[PDB]
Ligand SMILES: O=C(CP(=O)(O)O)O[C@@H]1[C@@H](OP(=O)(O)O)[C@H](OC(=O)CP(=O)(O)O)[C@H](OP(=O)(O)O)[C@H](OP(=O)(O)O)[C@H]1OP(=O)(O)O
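The form deposited without the ligand is given below as one chain in C-alpha cells.
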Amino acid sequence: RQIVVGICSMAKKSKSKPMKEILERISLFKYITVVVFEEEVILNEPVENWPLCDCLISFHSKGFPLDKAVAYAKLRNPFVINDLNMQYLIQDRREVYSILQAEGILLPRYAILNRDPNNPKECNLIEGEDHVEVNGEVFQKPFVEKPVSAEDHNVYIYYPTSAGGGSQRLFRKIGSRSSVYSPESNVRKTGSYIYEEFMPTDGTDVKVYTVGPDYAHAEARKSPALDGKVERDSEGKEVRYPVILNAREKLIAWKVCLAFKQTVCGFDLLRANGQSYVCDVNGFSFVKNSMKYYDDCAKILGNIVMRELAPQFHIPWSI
C-alpha cells in the first residue's frame, strides 16, 4: 500500500511544466503515489467527494477556492506541506509585513494607509511635492506605493523632483515590459496602500525559493524599478543572474519558510546598504528551467513525506 500525495491547485498550476517535472520525480519514490486533483472537481464537487490523500500539497492562486481546501484538510486531516490558513494572510501585504516584523526580519521602513472607500479624503495622508506623510510618518521621495492586496502587482515608485519627478508604474510582466514611466507625480487617491522607503540595490532583485527551511535556491533578475524593459535570451527566456545566499540570508529563508508555514515558499530580497531586506512573500513557488532544482526539490519533498509518514505505514525509513 502506497502513501498518497495529493496535489490541489488550479489547472494552470497543476499542469505547469515545473509542476510536472517535480511530480514525475516524486513518483519515483517506491512507496509514494501522486494524485493530482482535477480542476473541475476542486471547483464543482463538494470536498466530501475529493480524492483521499495522506499528504496534501495545496496552494491558492487566482480563482482557487481556499475555503474548500481548508474544509477538505479539516475533513481528512492529511499531513499538510504548505499551511492553508496562512494563505489567507499571504494575500494581504499588511499581514505579510506584520509577520516579518514579528520574526525580527529586516524589511523596508513602511506605513499602512487604510482608506475608507466611502470617505476617501478622511484617511491619514498628507502630500507634498517631494514627500508623503502617512499616519504622521514622513516618506521622502523616492518611495514605493503597494496595493494592500498582494495579488495586485500595480506597485508604483515615485521619483524625487531632483530626478525629474513622475513615477514608475510596475505591473505583471507583459511580453517585453515590466514597468513604464508616468509623468504623474502625485500618489493614487483611491484604494488602500502600503508606503515604504525605497531601498537602493545594484539594479537587481534577488528571488529566493525555499524547499523546507534548510534549502533555498536564489537567483537575480533586473529590477522593474529601473526602466522596465525585460531582458531576454536567445530562446526568449528572461535573463537571470547567479546568486549564492550569505549566512544572514540563509537564516532569513529559514525564518520565512517557518513563519509562514510554507514548505515551498518564494520571497524577494533587496540587497541594499550592506544588508538584505525582504519586500515580498509569495508562498508556493517553483524555480523554472533548472534541472538541479527539479531534482533537489522532488528529493526533499519525498524525503519529508517519508520521514513523517513511513512509521504509520510500517515502511522502513532510516533517520
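Heads up: residue numbers just count along the shown sequence, starting at 1. Rigid core: the largest C-alpha set superposing within 1.5 Å between the two forms.
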- Item | Stretch with larger C-alpha RMS deviation in 8 other deposited structures of this protein, core superposed, 227-235 versus 213-221 | 227-235
- Stretch with greater C-alpha deviation in 8 other deposited structures of this protein, 71-79 versus 118-126 (rigid core superposition): 118-126
- Query: Mean CA B-factor: is it higher for 227-235 or for 81-89?
  - Reply: 227-235
- Item | Given 90-98 and 121-129, the range whose Cα B-factors average higher in the PDB entry | 121-129
- Looking at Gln262, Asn273, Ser285, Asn49, which has the biggest Cα B factor in the entry? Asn273
- Tell me, please, which of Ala163, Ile244, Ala247, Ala216 has the highest C-alpha B factor according to the deposited entry? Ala163
- Task: Pull the Cα B-factor of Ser27 out of the PDB entry and bin it into the chain's lowest, middle or highest third.
- Result: middle
- Ranked C-alpha temperature factor of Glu145 among modelled chain residues, by third: lowest
- Message: Sorting by Cα B-factor within the chain, modelled residues only, which third would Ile174 end up in: lowest, middle or highest?
- Response: highest
- Message: Using only modelled residues of the chain, where does the Cα B factor of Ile304 rank: lowest third, middle third or highest third?
- Response: middle
- Ranked C-alpha temperature factor of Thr33 among modelled chain residues, by third: middle
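Below: the form deposited with the ligand bound, not depicted.
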- Among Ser285, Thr263, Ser290, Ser276, which has any heavy atom within 4.5 Å of the ligand in the deposited bound form? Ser285
- The listed residue (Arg248, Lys74, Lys189, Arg232) that reaches within 4.5 Å of the ligand in the deposited bound form by any heavy atom is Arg232
- Query: With the partner removed from view, which of 207-215, 130-138, 159-167, 114-122 is the stretch that lies within 4.5 Å of the ligand in the deposited bound form, judged by heavy atom distances?
  - Reply: 207-215
- Indicate whether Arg94 is a 4.5 Å heavy atom neighbour of the ligand in the deposited bound form. no
- Query: Might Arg25 be said to contact the ligand in the deposited bound form, defining contact as any heavy atom within 4.5 Å?
  - Reply: no
- Message: How about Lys299 - does it come within 4.5 Å of the ligand in the deposited bound form, if we only consider non-hydrogen atoms?
- Response: no
- Query: Even though the ligand is not shown here, does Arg307 get within 4.5 Å of it in the deposited bound form, heavy atoms only?
  - Reply: no
- Looking in the deposited bound form, the residues of 6-44 with a heavy atom no more than 4.5 Å from the ligand, listed in order, are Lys12, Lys13
